[PDB]
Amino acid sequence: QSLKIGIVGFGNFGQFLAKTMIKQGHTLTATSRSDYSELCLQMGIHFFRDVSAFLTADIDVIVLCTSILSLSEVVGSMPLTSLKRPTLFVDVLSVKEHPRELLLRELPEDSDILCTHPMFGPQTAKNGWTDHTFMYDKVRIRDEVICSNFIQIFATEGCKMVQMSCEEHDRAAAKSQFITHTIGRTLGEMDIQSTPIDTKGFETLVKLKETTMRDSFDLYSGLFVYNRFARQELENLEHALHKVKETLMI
């Protein structure tokens, strides 16, 4: 079940995924806006600076690891008629309705589509993926063997496997992940600092701030701009805070 995997977008998270893929024995190719030639040499990954050359490589699965905000531009730049054979496309964006809609619209019809979200990354799964959650939606799967072998990348690492529609993911993510990152960035803007008398609860907010601020602002913007349920959750958070505040006035 060893795969030839091509990563599009070899940034923070693409690198994180590649480390575990290499550990399992997969054969990796990568392409990206920026030049990762030296890092790919270190890791044994075949890097293509040009996406046209990448698309003609011997690849079983293409994994889209670019930012949510850039996905449309990146897919638009792909000469998808250069694809040598029907290929499974996987995305790992943190929102799901958008890539599902875009890939259904832009990809060749005979390319399969697996829309996924590993609910973890470099800050929470440094030391392994065990008992972290991996979400997927089999948007357009006809070659079940290749789809199963890819999904098994996360199952063998002990991930909790969750099959769910892209819409149900975005509904749940707006209420959970988006709220969490919003609070983390709020604490970052406050620049909360440890004191000599931190409660355990506050220590957990300091660490949440620290971990949240490791992610790019692009990523946070994508969580809001491309999740149609995020706006209501932002309102719910503000509405809740003002309800609490007004109890203090009264």
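A residue's number is simply how far along the shown sequence it sits, counting from 1.
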property	result
Residue stretch of maximal mean CA temperature factor, 92-100 vs 108-116	108-116
Comparing 181-189 with 58-66, the one whose average Cα B-factor in the PDB entry is higher	58-66
Candidate set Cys159, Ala173, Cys166, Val145 [ranked by C-alpha B-factor, highest]	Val145
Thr195 by Cα B-factor - lowest, middle or highest third of the modelled chain	highest
Third of the chain's Cα B-factor distribution that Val51 belongs to, per the entry	highest
Chain-wide C-alpha B factor ranking for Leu71, given as lowest, middle or highest third	middle
Relative C-alpha B-factor of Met249, binned into the chain's lowest, middle or highest third	highest
For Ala155, the third of its chain into which the C-alpha B factor falls	middle
